[PDB]
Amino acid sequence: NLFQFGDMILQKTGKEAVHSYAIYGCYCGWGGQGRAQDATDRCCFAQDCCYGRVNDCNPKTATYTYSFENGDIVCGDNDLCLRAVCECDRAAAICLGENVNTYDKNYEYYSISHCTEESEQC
């Protein structure tokens, strides 16, 4: 679920997701169309593609099992859907940590008016 993903993001970026990623660019958090504004937004777009490939559960609300082993994120589910969602979140959180250096506050609160361009493809 997104709060768990938010826990992963906190560990990898030091940022609270509800004040940042939840409203960043055209794809992070609330969005879904337009062009990914930068590397951070591209992580979110790739994660949405990833969610598109899990199977029968709702990624937003699927509550999975995970742990930090040292700093590494380890998904613990056996259940295929919970596990697949956890793997998408893990990968996306590492991607966000990798690109936190170029995080631009100017992309915060983007809305439909900034995200008109044709959507990205998976």
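In this text, residue numbers run from 1 along the sequence as written.
Asker: As stated in the PDB record, which stretch has the larger average Cα B-factor, 107 to 115 or 12 to 20?
Answerer: Taking the mean B-factor of the alpha carbons in each, 107 to 115 is higher.
Asker: Higher average CA B factor in the deposited record is what I'm after, so tell me if that's 58 to 66 or 81 to 89.
Answerer: Stretch with the higher mean C-alpha B-factor: 58 to 66.
Asker: In terms of the chain's CA B-factor thirds, is residue 97 lowest, middle or highest?
Answerer: For residue 97, whose C-alpha B-factor we compare with every modelled residue in the chain, the answer is the middle third.
Asker: What third of its chain's C-alpha B-factors does residue 76 belong to: lowest, middle or highest?
Answerer: For residue 76, whose C-alpha B-factor we compare with every modelled residue in the chain, the answer is the highest third.
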